[PDB]
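Residue numbers (the authors' numbering), protein chains in the order written: chain A, 7 to 214, 224 to 345; chain B, 7 to 214, 225 to 345.
For each residue, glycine too, the CB sits at the ideal point set by N, CA and C.
Here is the structure we will look at, set down as structure tokens.
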Amino acid sequence: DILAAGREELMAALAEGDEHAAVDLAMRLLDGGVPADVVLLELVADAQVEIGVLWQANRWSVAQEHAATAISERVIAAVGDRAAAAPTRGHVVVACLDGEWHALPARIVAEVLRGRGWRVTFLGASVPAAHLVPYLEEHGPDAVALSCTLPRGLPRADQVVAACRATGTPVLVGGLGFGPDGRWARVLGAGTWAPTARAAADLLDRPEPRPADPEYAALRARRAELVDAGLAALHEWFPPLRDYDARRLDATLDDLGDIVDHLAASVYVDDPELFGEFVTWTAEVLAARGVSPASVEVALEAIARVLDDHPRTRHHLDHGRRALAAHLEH
Amino acid sequence: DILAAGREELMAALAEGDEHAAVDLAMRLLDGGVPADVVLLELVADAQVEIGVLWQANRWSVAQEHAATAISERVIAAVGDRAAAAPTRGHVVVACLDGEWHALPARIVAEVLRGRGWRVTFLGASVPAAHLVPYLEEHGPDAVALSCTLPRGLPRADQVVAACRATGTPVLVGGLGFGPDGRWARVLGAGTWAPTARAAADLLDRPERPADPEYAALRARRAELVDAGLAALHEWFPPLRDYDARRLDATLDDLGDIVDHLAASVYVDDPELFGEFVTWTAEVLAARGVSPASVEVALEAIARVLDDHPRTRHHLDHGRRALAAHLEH
Ligand code: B12
Ligand code: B12
Ligand SMILES: C=CC1=C(C)/C(=C/c2[nH]c(/C=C3N=C(/C=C4\NC(=O)C(C)=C4C=C)C(C)=C\3CCC(=O)O)c(CCC(=O)O)c2C)NC1=O
Ligand SMILES: C=CC1=C(C)/C(=C/c2[nH]c(/C=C3N=C(/C=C4\NC(=O)C(C)=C4C=C)C(C)=C\3CCC(=O)O)c(CCC(=O)O)c2C)NC1=O
Ligand SMILES: C[C@H]1O[C@@H](n2cnc3c(N)ncnc32)[C@H](O)[C@@H]1O
Ligand SMILES: C[C@H]1O[C@@H](n2cnc3c(N)ncnc32)[C@H](O)[C@@H]1O
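Below, the structure is given as structure tokens:
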């Protein structure tokens with residue numbers, strides 16, 4: 007189709023950092039009868055996933071991604087400066103979770119909803135619940151749409167969703183943070199999930224008590240201890256650490272913290288496949304940057320030792336180690 | 007003065023969270039002969055400062071600011087989808103420092119440069135030097151334009167500017183992070199500063225050391241110093257005793273920020289950085305029902321620990337004097 011050609015031309019503009027070409031392409035596609043929603047979901051969204059794949063593989067830098075993403079935002083704005091219908095359906099507030107800076111997925115949702123006649127107030131990146139809740143109380147929208155892209159944000163998602171529901175505002179949720187097929191929204195009972203902006207719009211067209228886990232609490236309270244334990248194990252087993260400068264040591268510490276935090280998220284939703292997928296993803300990220308993924312196994316074994324009398328955490332760690340071992344046999 | 011009226015109408019749209027009205031206003035102003043640069047600098051920029059004032063005073067929430075800022079971004083895009091000239095002058099890369107997420111000031115610079123015929127690649131928020139440097143080596147732009155809004159980022163700015171210069175790329179710098187009249191850029195010799203997008207464009211139209229041990233100590237001992245501040249608050253500041261996890265975390269975050277701004281102040285050896293930060297902090301906290309006297313408690317505790325660091329000691333003294341003076345009026 008013209009969509010194959012459109013994707014190639016769009017990626018070429020994004021890779022070149024050429025905002026005018028990307029926007030002009032989008033406008034010409036609209037002029038030729040390509041639906042706005044198709045430009046946003048089949049062209050822009052698809053390009054952004056691929057940019058992520060390239061970054062993950064260390065084939066693109068952060069600068070290259072940033073250039074592209076900013077242009078994709080301009081494409082989304084240009085397309086919405088044309089496809090938006092007069093607001094006749096009601097009012098939706100679109101917000102990212104506190105600590106969630108992937109605004110572009112949420113912007114696509116906002117634009118698609120506007121195209122169907124919703125009045126949308128877009129709040130975008132990182133809205134604290136303490137500020138979002140009074141905003142919902144102030145304006146009483148028909149729905150709040152909460153976007154989460156990182157599964158590590160799932161504990162926060164659960165809290166923010168609960169707080170929003172307590173205002174009586176219907177909650178829609180989405181983004182990659184709930185998993186590609188919405189699994190972690192369903193596990194949490196977190197609002198109504200949908201996979202895409204199109205599906206969100208379809209939902210809106212219809213005629214329509225959580226005890227703390229001490230094991231999760233321990234992963235938060237003992238984070239520094241666990242990072243330190245991982246580092247000490249790397250000191251014993253992983254030779255490159257001995258020659259790391261400040262920058263590489265800081266990256267190691269950052270990554271160790273992220274390992275603990277994803278383990279915490281996995282335990283929170285009690286789905287070991289969160290930690291499993293995280294560990295295999297981490298292996299790919301590190302390998303692509305010349306860091307042996309065996310380093311991860313060293314850290315996981317060390318954390319498992321410290322927490323071996325925490326049965327749920329132990330199970331998740333075991334699952335992570337098995338997933339890594341399986342990944343590394345290729 | 008259509009600009010007085012324009013400002014009122016714009017702020018009304020922003021306060022209402024009405025993107026269509028704000029964009030339509032901008033377009034009507036352009037249609038009536040208001041220069042694009044005027045819409046961006048005299049209307050949009052001015053509104054964003056005022057949103058900052060309202061937030062600082064706890065009169066606007068984060069949600070209210072976020073709604074407004076996203077609309078201002080759409081105004082900037084709409085105005086640039088009209089005012090940008092064909093690229094004929096050369097190539098500028100526009101980037102925020104690593105850890106700097108105020109992209110909008112940099113977007114205004116980008117749009118104004120495009121209006122003067124520059125090809126601009128906008129990288130926006132938070133670009134690590136390790137990624138920016140190879141990008142500059144790859145593309146050899148005529149300049150890189152670095153934006154910094156938070157003075158706490160100044161030590162990083164100094165390093166990133168040096169790294170960019172080492173690629174042979176001329177560096178322009180700006181944003182609030184370089185201080186009043188660019189003072190902190192100028193004392194460091196960190197690139198060529200300019201106050202506004204207009205002035206940046208004007209510059210482009212022309213024919214063109226030992227590590228700091230006191231700074232190092234403020235970074236290395238950050239946790240210790242936060243803890244010292246907290247222990248003093250425990251001894252002297254009654255509300256802390258009744259704080260839940262959330263308020264305790266906010267206290268800890270703020271104490272860290274106090275240390276980090278002290279580090280920046282010492283780094284550029286300008287006590288007025290720390291002084292202005294402390295008085296700003298007092299206003300922020302007071303507006304949220306937290307006694308600014310709490311800040312004095314923390315500062316006195318940090319001064320005790322670091323009393324044999326002469327530069328740091330001086331900056332802390334200056335901060336305490338600035339706070340005392342602020343609190344008598
Ligand atoms: C651009 C980008 C960034 C940008 C985003 C800026 C912006 N303006 O949004 C920046 C640079 C800020 C960024 C930062 C980071 N990111 Co990033 N980034 C991306 C990237 C490449 C594209 C995102 C995008 O544009 N999505 C647009 C399209 C693709 O979204 P979409 O899913 O089709 O959207 C639909 C659905 O999600 C759904 N939906 C979404 N929200 C909602 C809400 C509701 C209510 C409903 C019903 C539906 C719904 O409907 C949408 C529209 O149809 C992705 C790759 C990816 N696969 O997403 C990563 C990716 C998400 N990032 C990733 C990472 C790791 C990071 C960082 C941690 C990196 C770092 N160390 O700094 C940080 C974290 C920042 C934070 N705290 O959030 C990883 C996350 C992997 C993981 N471990 O979970 C990814 C997946 C890349 C990868 N590794 O392959 N990132
Ligand atoms: C919008 C906003 C945000 C948004 C920004 C999103 C975005 N898309 O940019 C978000 C929510 C992300 C944000 C976050 C925060 N912010 Co804020 N925010 C603002 C606000 C209200 C407006 C910024 C803006 O739109 N500027 C547009 C206009 C006003 O910029 P301008 O100065 O006119 O731009 C010109 C010049 O600076 C110059 N220039 C700028 N860059 C360059 C570069 C070059 C090369 C040149 C030549 C010139 C140049 O030319 C420009 C164009 O003419 C300001 C208020 C303010 N006074 O700026 C604060 C403000 C900057 N934020 C502030 C704070 C404290 C924060 C947070 C720390 C809050 C928090 N705890 O989360 C974080 C920090 C995030 C980070 N790490 O960077 C404070 C900082 C005070 C301080 N201590 O330094 C301010 C001053 C608000 C206040 N207190 O009054 N913020
Ligand atoms: C357990 C052992 C372990 C070690 C030894 C480790 C080290 C490590 N990680 C690095 C980078 C990195 N590591 C990550 C990983 C992540 N980014 C994210 O946002 C998330 C969630 C992850 C995953 C945990 C990334 C993306 C970089 C590259 C940083 C950059 O942009 O330059 C680097 C720098 C690479 C270089 O400069 O050569 C080192 C040394 N990480 C580890 O986990
Ligand atoms: C020394 C004593 C000291 C104390 C006791 C302190 C406490 C403190 N600061 C708070 C919020 C806050 N404190 C800040 C301050 C900042 N935000 C920034 O980005 C920066 C740089 C600052 C300044 C340091 C802000 C903006 C909030 C509001 C956070 C929110 O909205 O949740 C709160 C929560 C208020 C409430 O919910 O009732 C407390 C308790 N801060 C202190 O510094
Ligand atoms: C998911 C996206 O996050 C971006 N990314 C990775 N590390 C950083 C960083 N330190 N600062 C800003 N953006 C970053 C990458 O460009 C990636 O594509
Ligand atoms: C400078 C701007 O930073 C925003 N701001 C303050 N705290 C947060 C936060 N936790 N998350 C996101 N934005 C925030 C405010 O809305 C302010 O206006």
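**Request:** Compute the beta-carbon to beta-carbon distance between B:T173 and B:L142, rounded to the nearest angstrom, for a pair I have assumed lies under 8 angstroms.
**Result:** The Cβ separation is near 5 angstroms, so the contact holds.
**Message:** Counting only Cβ pairs nearer than 7 angstroms, list the residues of chain A close to B:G23.
**Reply:** Counting only Cβ-Cβ distances below 7 angstroms, B:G23 has contacts in chain A at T127, in chain order.
**Contact check, B:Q54 vs B:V300, beta carbons under 7 angstroms** = Against a cut-off of 7 angstroms, the Cβ pair of B:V300 and B:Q54 comes out as no contact.
**Message:** At a threshold of 6 angstroms, does A:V85 count as lining ligand 4 (C-beta to nearest heavy atom)?
**Reply:** No, the beta carbon of A:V85 sits no closer than 6 angstroms to any heavy atom of ligand 4.
**Complete runs of the alpha helix (DSSP H) confined to the segment 120-161 of chain A [at least 4 residues]** = With a minimum length of 4 residues, the continuous alpha helix (DSSP H) runs that stay inside the segment 120-161 of chain A are 135-145.
**Message:** Does the contact criterion of 3 or more C-beta pairs under 8 angstroms hold for the segment 67-76 of chain B versus the segment 72-83 of chain A?
**Reply:** The segment 67-76 of chain B vs the segment 72-83 of chain A: no contact.
**Asked** Does any C-beta atom of chain B lie closer than 7 angstroms to the C-beta of A:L138?
**Response** Yes, its Cβ sits closer than 7 angstroms to a Cβ of chain B.
**Asked** Are any of the Cβ atoms in chain B nearer than 7 angstroms to that of A:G130?
**Response** Yes, A:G130 lies at the interface with chain B (some Cβ there is under 7 angstroms from its Cβ).
**Message:** Please give the ranges of any alpha helix (DSSP H) in the segment 44-74 of chain A, keeping only runs that are unbroken, at least 4 residues long and fully inside the region.
**Reply:** Listed in chain order, they are 52-62.
**Message:** Mapping the DSSP letters down to three states, classify A:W296 as helix, strand or coil.
**Reply:** A:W296 carries a helical assignment under DSSP once its states are collapsed to helix, strand and coil.
**Message:** Quick check on the burial criterion: 16 or more other C-beta atoms within 10 angstroms. Buried or exposed for A:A314?
**Reply:** Looking at its Cβ environment, which holds 16 or more other Cβ atoms inside 10 Å, A:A314 is buried.
**Reference B:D208; option with closest CA among B:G23, B:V99, B:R327, B:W124** = Of the listed residues, the one whose Cα sits closest to B:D208 is B:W124.
**Asked** Going straight from the alpha carbon of B:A90 to that of B:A309, what length do you get?
**Response** Approximately 50 angstroms between the Cα atoms of the pair.
**Asked** What is the rounded straight-line gap between the Cα of B:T155 and the Cα of B:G180?
**Response** Each residue's Cα considered, the two are about 8 angstroms apart.
**Asked** Who are the Cβ neighbours of A:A169 in its own chain at under 6 angstroms, not counting the five residues just before and after it?
**Response** Same-chain partners within the cutoff: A135, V139.
**Prompt:** Does the distance from the C-beta atom of A:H325 to that of A:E230 stay below 7 angstroms?
**Reply:** Remark: C-beta atoms of A:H325 and A:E230 approach each other more closely than 7 angstroms.
**Message:** With three or more beta-carbon pairs closer than 8 angstroms as the criterion, would you say the segment 144-155 of chain B touches the segment 103-113 of chain B?
**Reply:** Short answer: they touch.
**Request:** For the segment 71-98 of chain B, enumerate the residues whose C-beta is nearer than 7 angstroms to any C-beta of chain A, in chain order.
**Result:** Only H72, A73, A76, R80, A83, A84, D87 from the segment 71-98 of chain B bring a Cβ to less than 7 angstroms from some Cβ of chain A.
**Message:** Spatial neighbours of A:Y283 within its chain, please: C-beta separation below 8 angstroms, excluding the five flanking residues on both sides.
**Reply:** Once the five neighbours on either side are set aside, the close Cβ partners of A:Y283 are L160, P161, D164, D228, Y231.
**Prompt:** Counting only beta-carbon atoms, is residue 222 of chain A nearer than 7 angstroms to chain B?
**Reply:** Missing here is residue 222 of chain A: after 214, the next number in chain A is 224.
**Message:** With a threshold of 6 angstroms (Cβ to nearest heavy atom), would B:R263 be considered close to ligand 4?
**Reply:** Within the cutoff, so yes.
**Message:** Counting beta carbon pairs with one atom in the segment 251-260 of chain B and one in the segment 287-300 of chain B, are three or more of them shorter than 8 angstroms?
**Reply:** As far as the Cβ criterion goes, the segment 287-300 of chain B does not touch the segment 251-260 of chain B, which means the pair count is below three.
**Prompt:** Should the segment 265-283 of chain B be regarded as contacting the segment 19-30 of chain B, the criterion being three or more beta carbon pairs within less than 8 angstroms?
**Reply:** Touching, no, given that fewer than three Cβ pairs across the two stretches are closer than 8 angstroms.
**Message:** Quick check: the Cα distance between B:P176 and B:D269, rounded to an integer number of angstroms?
**Reply:** Between the alpha carbons of B:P176 and B:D269 lies a gap of roughly 36 angstroms.
**Prompt:** Who sits around ligand 3, taking every residue whose Cβ is closer than 5 angstroms to one of its heavy atoms?
**Reply:** This criterion selects A:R263, A:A266, A:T267, A:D270, A:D273, A:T297, A:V300, A:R304, A:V306, A:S310, A:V311, A:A314.
**Item:** Interface residues of chain B facing A:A69 [CB-CB closer than 8 angstroms]
**Value:** Those within 8 angstroms of A:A69 in chain B are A101, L129, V133, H137, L138, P140, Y141.
**Message:** Any heavy atom of ligand 1 inside 6 angstroms of the beta-carbon of A:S67?
**Reply:** No; taking the cut-off as 6 angstroms, the Cβ of A:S67 has no heavy atom of ligand 1 nearer than that.
**Message:** For a quick check, are the C-beta atoms of A:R158 and A:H277 less than 7 angstroms apart?
**Reply:** Cβ atoms of A:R158 and A:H277: closer than 7 angstroms.
**Request:** Please go through the same chain and pick out, in chain order, the residues whose beta-carbon is closer than 8 angstroms to the beta-carbon of B:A21, but skip the five residues on each side of it.
**Result:** For B:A21, where only same-chain residues beyond five positions count, the Cβ hits under 8 angstroms are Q70, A74.
**Request:** Run the proximity test for A:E106: is its beta-carbon closer than 6 angstroms to any non-hydrogen atom belonging to ligand 1?
**Result:** At least one heavy atom of ligand 1 is nearer than 6 angstroms to the Cβ of A:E106, so yes.
**Item:** Which of helix, strand or coil DSSP assigns to A:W199
**Value:** Looking at A:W199 - three-state DSSP - the assignment turns out to be strand.
**Prompt:** Roughly how many whole angstroms lie between the Cα atoms of B:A203 and A:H108?
**Reply:** Just so you know, the alpha carbons of B:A203 and A:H108 end up roughly 28 angstroms apart.
**Message:** Once DSSP output is grouped into helix, strand and coil, what is the label at A:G180?
**Reply:** In the structure shown, A:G180 sits in a strand (DSSP, three-state: E or B).
**Request:** Rank B:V294, B:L36, B:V99, B:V275 by C-alpha distance to the C-alpha of B:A206 and give the top, closest one.
**Result:** Comparing Cα positions, the closest option is B:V99.
**Message:** For ligand 1, is there any heavy atom lying closer than 6 angstroms to the beta carbon of A:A63?
**Reply:** For ligand 1, not one heavy atom lies less than 6 angstroms from the Cβ of A:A63.
**Message:** At the level of alpha carbons, what is the spacing between A:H97 and B:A18?
**Reply:** A:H97 and B:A18 have their C-alpha atoms roughly 19 angstroms apart.
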